[PDB]
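Subsequent text provides C-alpha cells for two forms of one protein chain, presented individually as structure 1 and structure 2.
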Structure 1
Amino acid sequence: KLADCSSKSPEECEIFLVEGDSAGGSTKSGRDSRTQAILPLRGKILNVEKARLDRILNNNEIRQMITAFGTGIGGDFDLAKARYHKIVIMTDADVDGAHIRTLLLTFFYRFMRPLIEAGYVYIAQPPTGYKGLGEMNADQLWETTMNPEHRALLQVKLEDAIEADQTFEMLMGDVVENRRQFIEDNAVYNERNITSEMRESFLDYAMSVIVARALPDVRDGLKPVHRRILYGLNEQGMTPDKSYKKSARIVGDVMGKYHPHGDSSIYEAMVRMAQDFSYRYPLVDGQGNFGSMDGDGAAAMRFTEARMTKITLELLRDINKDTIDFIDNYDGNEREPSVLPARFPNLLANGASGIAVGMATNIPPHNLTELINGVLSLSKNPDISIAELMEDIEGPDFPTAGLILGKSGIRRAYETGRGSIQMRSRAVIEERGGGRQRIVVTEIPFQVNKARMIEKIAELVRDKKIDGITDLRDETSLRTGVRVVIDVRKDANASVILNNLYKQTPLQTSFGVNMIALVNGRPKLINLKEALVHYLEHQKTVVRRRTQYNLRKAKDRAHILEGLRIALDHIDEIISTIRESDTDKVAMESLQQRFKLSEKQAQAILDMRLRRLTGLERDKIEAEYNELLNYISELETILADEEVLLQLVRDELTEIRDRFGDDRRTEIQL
C-alpha cells in the first residue's frame, strides 16, 4: 500500500497518512516524490484503547504503519530505526477525519510514544470546503497543504503526560459515563498540545454524531439522513400518484444536494423505510428486492425503484407554506428543511434506534390510532398524567406483532423514559397426528433475524442443549405468512420444550427502551408525556405559520385581482394609457397615477393577456376574488382566537387518524 519516496535520509523524508485511495491519488500526484511518502489507510482505524493486544498486533492497517515507520512498538521502539522525521496525519477536512485523527494519535500515544516526544508527529491542514482530498486537484493539494513553502503544519507536543494519560482514557476508553460527562460539560449548542488536540477533535465528532447523525428530532422523529431522503423525494415530485423512480437517481440527488456521505448510508436508510418488518408506518414505497426478515439485503440500487407512501405526504404536508425553517445545505448551493411539518407523531409511531457518542437511543414503534387519541387527550388537558395517557396508549406496537409480557416495563419506560419490555413470539402447540405434536411460531419479536433464530434452535438441538425436538422447518411463504414449525418427540411435553425455547433463544427478546431525542437541538432523555407535548407544541406552530402564510398570499392575490378588476371596469381608458406610452416604464407609471394602482397592480395589468378580456375569463377574475375574500375571512378567524387554532390542529389529527390509523398488532398480556 505504501507509495514510498526516492530519498533514504529520514531527516528530510516525510510520510503522509491519508484515509484511502481516493485521497491518496490526489496526494501521489501533488507530492514531491523525492522526500514525500504516501500511506493510504482504509477509513476508520482500530481503537487501541478499547482493543485487546492480539487484535491490535494482527490488524492490517496497524501493521502497515509499524512496517512503514520501521521503529517497532512499545518497549522495542527505537527512534533511531525511524524512516521519516515527519509522520504527517492528513485526514479529510470533515468530522470523521477528526475522529480518524483521534484514533491515530491514540495508537501513536499507547505504542509509539517517543515518536510524539521527539516531535516527529504532525497534523496537515487541508482547506475546509472539501469532503475528501480526492475532490481536490493535485496542484490545489500541493500548494495549500504539502509544499514546505506555503503549508501550515501543527507539530504535536506532549506537555503533561499524566494529563494526557487521563485524556486518552476518558475519550477513547471503554467507560461511557466519563465521555458523556466530558461531552455535557464542553458541548456548545506552530505547536499543538496532544491533550488539546484530542479534546477538540473528539468533541467535534461526538457533537456532530449527536446533533447531526445518530439521534432523532422530537418534532418529526427523523435523523438527518431520513429527512434528506424524504425531502429529496418531495423535491423531485416522487409522490404516490406518480410512477416509481430509480433508486440510483434518488441516492445521487440526495448525496449531491444534501447528504455528503457514502451511497451505502443513504440507500440503506431508504431501504429500511420501505420495509414492512422494520417500519410500523413505512415511509418509502419500494419496487423490487428490498430485503427480508432473514437478514437478506436489498438488491443493488441499479435494480430497485422507489417513491413516497401516502402517509409520507402527511410528513411533508405544507412544507412550501412557511411552516418550517429552512437552512443552508453543507456547501451553500442548496436549501434544506431543519425539521419536517410532520402532520402525524412519527417519533413514537415508527420509533428510532441509534448509536451516538457517549449515548444511544431506543424508542419502540407505537399504534397511530392510540398516539393520535393520546395527543387529542393531551390537547384537552395540559395536566394529564402518564397513567391517563396510557388509557389511550396501551404500549408499543411492533410491525412484527407478537406479545409483550406485562405492563410494568411499559409503565416505567413511559414515566422515566427507560425500561425493559419483554417481547414474545406468537407460538402455539398443535397436533400433527399419530399422537405427536409441534410448536408453530407465526410472529417473531421485533428486530430478531428469523433465519439466525432458526439456526440458534438447530445449534441447541445439534449440541444436545435442548431435549424433545425431532424436526425444525421454516414454512414461511408470501401466501401463508411467517410459519416456523418445531416438531416435538412423541410423549414429550411441548409446553416445557416451548418454555425452554423462550429461555434459550431469541424467541423471547427484551426491548430496552432508552428515549433520547433532540429537544431544542440538545439530546434529552424524555418520557411519554414530554414526547407528545413537544409534538403538540410543533403542530400548533406548523398550523399557525401555514395560516399566517396563506393569509399573506391570499391578500397579495386579492390586491392583484383588485387591480385587474379596476382594469376590466375601465378597459378603453387602460388601453389608451398603454397605447399612448412609448415604453413599458411610461405605461406602468401613467397607469399607477391615472388609476391609483400599485407597481404590482400595474405590472399585472401590463402582463394581462388579450384572451383574459372574454366573458368567461372576466367572470373567473370576479369569482377568484369573491372566493379569496371569504378565504381571507376564514383565515383571519383562526388567528383571532387560540381555541379555534387548537381545534383545527385536533380536526386535522382526527382526519389523519381516520385515514391512516390501523389495528393494534402487538398483544399486551397480563
Structure 2
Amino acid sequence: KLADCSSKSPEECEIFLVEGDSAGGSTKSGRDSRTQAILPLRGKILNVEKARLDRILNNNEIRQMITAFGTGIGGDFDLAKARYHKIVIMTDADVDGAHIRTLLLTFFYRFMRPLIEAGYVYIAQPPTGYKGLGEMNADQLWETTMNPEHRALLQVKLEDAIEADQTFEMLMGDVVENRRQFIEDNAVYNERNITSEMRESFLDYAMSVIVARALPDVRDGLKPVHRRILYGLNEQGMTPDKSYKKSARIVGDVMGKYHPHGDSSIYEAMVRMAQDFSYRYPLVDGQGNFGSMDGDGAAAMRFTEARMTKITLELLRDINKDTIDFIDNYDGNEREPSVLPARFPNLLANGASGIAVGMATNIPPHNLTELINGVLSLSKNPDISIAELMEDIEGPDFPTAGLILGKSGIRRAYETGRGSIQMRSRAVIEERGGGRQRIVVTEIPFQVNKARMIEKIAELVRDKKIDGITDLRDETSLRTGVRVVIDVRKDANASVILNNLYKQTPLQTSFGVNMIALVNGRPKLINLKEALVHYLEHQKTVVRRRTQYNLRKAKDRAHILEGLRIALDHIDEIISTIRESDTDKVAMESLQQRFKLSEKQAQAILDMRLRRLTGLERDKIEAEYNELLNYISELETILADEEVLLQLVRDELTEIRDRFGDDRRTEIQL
C-alpha cells in the first residue's frame, strides 16, 4: 500500500504516515513524487506497550512500516539501511489523530529508538477545522504541510531517556491507575520533546474521551452522540405523531450538523436506543430490522426508518423555553444543547455503559415508577438515607427481566457506586413425556447474547464438561417470546444440571456496578443519593428557567397589547399619522411621540394587518390582556416561593410517573 517516491537517495527522501486512503489521495495529489513517499495506515495502530511480540510481528500495519523503513527492529536495528531521513507523522488534525500519533511514537520508541536519536522522526502540522486530510484539496495540503519552502515540521527530540521510559510506561502501559492518576493531576476542565508531546497529545485524547464521548452526563444520562441524535430528530420534527423518517437522512443530518465522526458510530447508537432488549425505556422508534438478542446487527441504514418514542418527548420537553444552555457546534455553523431538559431521571432509568481512558462506567437500568417515587421522597427530605431510598428503589430493573440474587450487592452499589449484582435466568423444570424432563429458560440476563450462550452450553456438552444433557433447542418466536429448552437424560436430577449451568455458563452473569458520570463536566463516582440529588437540582433549574422565560415572554406580549390597545382607541389618528409619513422611520418616530409608544409598540402597529381592524378585535385584545395579567401573577407566585416551585416539579414528575411508569420486570429474590 506504500506510494514510494522516484528517488533512491534516503538523505533527500521523506515518508509521510497518513491514517488511510482518504488522506493518502489528497497527499498523493499534493506531494512531490520525486522526494516524498506516502504510507497510508488503517486507523488506530496497535499499542505495542500493551501487546506481546507475536501480536506485534503478525500486525499488517506494523509489518508494512518496518518494510518501508528498511532499518529492521530492536536489537537488529541498522540506521545505515534507513530508506528515508525523514519519517513524518501526518495524522488528522483531531483528538483521534493525536491518539494515533501517541501510538506511532510508542512503536518508534520501543522498536526504532536510534531513529528518534538521529532526529529522523518529524511531526506534520496540517490546519485544524479539517475532519481529515481527505477534506483538503491537494494544493491546500502542499502549501501548508508539505512544501519544504513553507511547511513547519516538529523534529522529535529525545532528552532524558529515563523520563521517556517512565512516560511511555505511565501513558501507554497496562496499569490503568497510573494513567488515571496522570489525568487527575493534569486535567484542566522547530523541535518537539518526546515526553512533552506524549503528555500533551495523550491528555487531549483522554480528556476528550472522558468529557465528550464515553461517559454520560448526570443530569440527562446521555453521551454526546445520543444527545445529538435526539436533538436531531427534534429539530427536524421527527415526533411520534409524524411518519417514520429515513435512517440515512437522520444520520447524514446529525453527522454534518452536530457529530463529526463515522456514520456507523451514529447509526449504531440510534439502533441501540430503538432496541427493547437494550433500553429499559427506548428513546427511538424503529421501523425495520433493528437487530436481535442473538447478536444480529440492524439492517443497513438504507433499509431502516426511525422517529422519537413518546418518553423522548419528555427528555426534550421545554428545550425552546431557555431551560438549557446552548453552545456552538464543532464548526461554528450551528448551535447544539449542552444538556437536555430531561423530565424523567434517564441516567438511572436507561443506565449507561462506557469505556473511557483511565476509567469506565457501568450503570444499570431501573424502574421509572420506583425512581420517581425516590426523587419525590428526596424532595420531601434532603437528609434521606440510602436505606429509606431503597424502600422506593428496590434495585435495577433490566429490560430483559430475569432475576437478581439478594439486596447485598444492590445495597453496596447504592452506598458506594460500586458493587457486584448477580443476574440469573428465569428457568423452570417441566416434564416432557415418558417420565422425562426439560429445563425451560424464558428470560436471560441483561446484555447476554442468547445464541452465544446456547453455543457455550452446546460446547460444554460436546466437550463432556456437563452431565445429563440430551438436547438443547431455541424455540424463541414472536408468538412465544424467549424460549430456550434443555432436555434432561431420563432419571437425571434436572435441578443439579440447572445449578451446574448457572455456575458454568452465561445463564448466571454478574453486573459490575461502577457509577461514574460527568458532574459539572467532570468524571465522578457517585452513589444512588448523589445521582438523584443532581437530577433533582437539574429539574429545579429547568422549572425555574422555564417560568422565568414565560414571564419575560408574557410581559413582552402584555407591553405589545398596551400599544395595540392605544392604536385601536385612536385608529383614525394612527392611520392619518402613517399616511402622512414618507417612510417607516418617520411613521415609527411620529407614532412614538404622539401616542407615548415604544419602539416595539410602534413596530407592532406598523406590522398590524387590516383584518385586525374588525369589530371583535378590541374585545379580543382586552380578553388576552386580562388573561395575561392573571398568568403573569401565577408565574411571579412560583418565582417568589421556593416551596411552590418545588411542588410544581413534584406535580410534573407525578404526571410522568402516571403516564409512563410501568411494572417491575426483574424479580429480586431474597
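For the two forms, the rigid core is made up of the largest set of C-alpha atoms that agree within 1.5 Å on superposition. Residue 1 is the first residue of structure 1, and the numbers go on in sequence order from there.
Candidate set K620, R63, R34, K44; criterion, C-alpha shift of 2 Å or more between structures 1 and 2 after rigid-core fit; matching residue, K620. Note on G433: its Cα is shifted 1.2 Å between structures 1 and 2, core used for superposition. Core-based superposition between structures 1 and 2 puts the Cα shift at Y231 at 0.2 Å.
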